[PDB]
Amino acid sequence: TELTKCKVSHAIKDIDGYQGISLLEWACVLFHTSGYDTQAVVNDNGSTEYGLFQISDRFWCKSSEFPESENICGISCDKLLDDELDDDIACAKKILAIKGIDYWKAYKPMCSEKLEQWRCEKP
């Protein structure tokens, strides 16, 4: 499903401030990462990135095309292609604590200024 900035913002509220990244920065990051599409599937040289957070099967989740992945998140990548974000979030948090925000290449170029526009004002 292609979510709205506000659907996304409400759904990932739990990640706010984690590792020092605000919800505004995330709303920005997720838009350029997946267009807020919970079913986004992208190829990246031999690897595949899944869902809203574009979590890669290279190290983070277990896919059928790469069953020997380290699967640091301990989750099947297909679980990252649905509308239930709790597990996506738990995985994103491990990526943030282990690798850091720079896993998301859009952060620096697209979300270093003009963050206010990313605020969701919808209760």
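One-based numbering along the sequence shown.
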Check the entry's C-alpha temperature factors for 45 to 53 and 28 to 36, then say which stretch has the higher mean.
45 to 53
I need to verify one thing: averaged over C-alpha atoms only, is the B-factor higher for 7 to 15 or for 97 to 105?
7 to 15
Within this chain, which third does the Cα B-factor at residue 84 fall in: lowest, middle or highest?
lowest
Ranked by Cα temperature factor within the chain, is residue 60 in the lowest third, the middle third or the highest third?
lowest
